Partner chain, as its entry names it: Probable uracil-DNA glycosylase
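Coming up is one lone chain in structure tokens, specifically the form deposited without its partner chain.
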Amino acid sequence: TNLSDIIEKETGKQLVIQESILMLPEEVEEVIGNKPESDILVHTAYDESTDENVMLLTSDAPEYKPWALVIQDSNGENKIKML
């Protein structure tokens, strides 16, 4: 989809988006350590060849403006990339 495409571009991998959950700016500020100017949707995904949880954060539909990408490894350690 239009979202898979965003992940493919930033990471090279092709995944299927699982679910989209809405968050207020204040709620997502800690995980990211930055405060977005609007609500953001969290699109979860999972890379099995690397055992990684993928989380693409975008503004709300229909805009879907990319904001950040969060990757959690086998060790439960995060790596954030601002889009």
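Throughout, rigid core stands for the largest set of C-alpha atoms superposing within 1.5 Å between the two forms. Residues that one form lacks are left out of the comparison. Residue numbers count along the first chain shown, from 1.
What follows is about the form deposited with its partner chain bound, which we do not show.
Novice: Does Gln72 reach its partner chain in the deposited bound form, with heavy atoms at most 4.5 Å apart?
Specialist: The answer is yes: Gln72 has a heavy atom within 4.5 Å of its partner chain.
Novice: Taking its partner chain as it sits in the deposited bound form, is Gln14 near enough to touch it, meaning that at least one heavy atom pair lies within 4.5 angstroms?
Specialist: No - in the deposited bound form, heavy atoms of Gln14 and its partner chain never come within 4.5 Å of each other.
Novice: Are any of the heavy atoms in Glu27 no more than 4.5 Å from a heavy atom of its partner chain in the deposited bound form?
Specialist: Flag for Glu27 set to yes.
Novice: Would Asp39 count as a contact of its partner chain in the deposited bound form, using a 4.5 angstroms cut-off between non-hydrogen atoms?
Specialist: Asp39: contacts its partner chain in the deposited bound form.
Novice: So which residues in 30-56, when you check its partner chain in the deposited bound form, have a heavy atom no farther than 4.5 Å from it?
Specialist: Those in contact are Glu30, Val31, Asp39, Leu41, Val42, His43, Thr44, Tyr46, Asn53, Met55.
Novice: So which segments really shift between the shown form and the other one, if a segment has to be 3 or more residues long and each C-alpha must move 2 Å or more after the rigid core fit?
Specialist: Residues 74-76 form the single run that moves by 2 Å or more between the shown form and the other one.
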